[PDB]
Amino acid sequence: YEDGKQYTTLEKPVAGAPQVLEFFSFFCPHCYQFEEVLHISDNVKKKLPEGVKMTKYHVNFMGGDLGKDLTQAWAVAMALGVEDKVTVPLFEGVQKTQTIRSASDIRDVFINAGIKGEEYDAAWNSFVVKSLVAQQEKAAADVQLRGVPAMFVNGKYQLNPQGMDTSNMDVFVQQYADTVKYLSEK
Ligand SMILES: O=C(O)c1cc[nH]c1
Ligand SMILES: O=C(O)c1cc[nH]c1
Ligand SMILES: O=C(O)c1cc[nH]c1
């Protein structure tokens with residue numbers, strides 16, 4: 001492990017950042033791999049002590065006009081606690097079936113997942129969700145985020161997957177998770 005190889009150190013650390021902070025977009029192809037194919041967050045969580053706070057935020061800067069809608073939809077998922085019900089259908093709707101083309105199509109995913117229409121609409125329009133949208137945007141600004149996927153540890157270190165072994169996916173996931181473990185103990 002060397003700064004600049006498996007990870008980089010932030011010039012201005014982020015106080016108050018969670019222990020593990022992930023950024024993603026439902027438009028981001030590597031993010032689809034990280035979620036559906038590799039299950040990176042799950043395998044990272046398995047290698048950390050129990051109780052460690054992992055936070056995951058959506059970013060606006062992919063998908064054109066639909067990118068902000070997805071960040072707001074993710075805020076709704078966070079406010080309602082339904083992330084594990086909508087993550088897969090949102091990824092598949094955007095990237096696999098390409099059936100998500102509008103805010104209404106996003107809402108359909110939540111309706112199909114069992115979220116009542118009135119509660120989705122109330123959350124979508126709530127100031128709590130407006131604040132969650134702002135929080136996601138501020139977090140990305142705090143790290144001058146330029147691309148996704150991205151993971152930050154203790155507000156101080158950024159993961160660098162470009163330097164990891166991609167010839168074997170299990171080796172990649174274990175290298176990624178071990179690096180997060182190393183950084184979290186730093
Ligand atoms: O797709 C884009 O580049 C984008 C969306 C919101 N801001 C930038
Ligand atoms: O950028 C911040 O300050 C932050 C990120 C997650 N919670 C707080
Ligand atoms: O995310 C993938 O598909 C992957 C990771 C290592 N090699 C391929």
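Residues take their numbers from the sequence shown, with the count starting at 1. Start at 1 and go down the list; that is how both ligands and their atoms are numbered. Keep in mind that the numbers below use all heavy atoms, side chains included, and drop hydrogens, waters and symmetry copies.
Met169 CG, 4.1 Å is the protein heavy atom nearest to atom 4 (C) of ligand 3. Summary of contacts: the protein heavy atom closest to atom 7 (N) of ligand 3 is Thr166 O, 3.1 Å. Counting protein heavy atoms only, atom 3 (O) of ligand 1 is closest to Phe61 O, 3.3 Å. The protein heavy atom nearest to atom 1 (O) of ligand 1 is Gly64 N, 2.8 Å.
Checked against a 3.5 angstrom limit, the closest N/O atoms of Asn168 and ligand 3 fall outside it. Considering backbone and side-chain N/O of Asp165, none are found under 3.5 Å from N/O of ligand 3.
For atom 6 (C) of ligand 1, the nearest non-hydrogen atom from the set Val59, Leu66, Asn60 comes from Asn60.
Taking the six-membered ring for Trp and thresholds of 30 and 60 degrees, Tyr182 and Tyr7 have ring planes inclined between 30 and 60 degrees apart.
Looking at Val148 and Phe61, their side chains come closer than 4.5 Å, going by heavy atoms from C-beta outward. Taking the side chain as every heavy atom from C-beta outward, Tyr176 and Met151 approach each other to under 4.5 Å. You'll find the side chain of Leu90 stays beyond 4.5 Å of the side chain of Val94, heavy atoms only.
With a 6.0 Å radius and a threshold of 12 heavy atoms from other residues, nucleotides or ligands, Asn168 has its CG atom above the threshold. No more than 12 heavy-atom neighbours from other residues, nucleotides or ligands sit within 6.0 angstrom of NZ on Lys96.
Side-chain rings of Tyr32 and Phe34 stay apart, their centers remaining 6.0 Å or farther from each other.
Counted by atom type alone, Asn60 and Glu137 present one or more donor-acceptor pairs between their side chains at under 3.5 Å.
Each of the following atoms of ligand 1 lies closer than 4.0 Å to a heavy atom of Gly63: 1 (O). Listed by atom number, the atoms of ligand 2 under 4.0 Å from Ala139 heavy atoms are 1 (O), 5 (C). Residue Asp142 has at least one heavy-atom neighbour below 4.0 Å for each of these atoms of ligand 2: 1 (O), 2 (C), 3 (O). Set against the non-hydrogen atoms of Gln33, the atoms of ligand 3 under 4.0 Å away are 1 (O), 2 (C), 3 (O). Within the listing of ligand 2, atoms 1 (O), 2 (C), 3 (O) sit less than 4.0 angstrom from a heavy atom of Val14. The contact set between ligand 2 and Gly16, taken as ligand atoms under 4.0 Å from a residue heavy atom, comprises 7 (N), 8 (C).
Neither the backbone nor the side chain of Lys68 has a heavy atom within less than 4.0 Å of ligand 1.
For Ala73 against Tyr120, the heavy-atom pair with the smallest separation is CB-OH, 4.2 Å.
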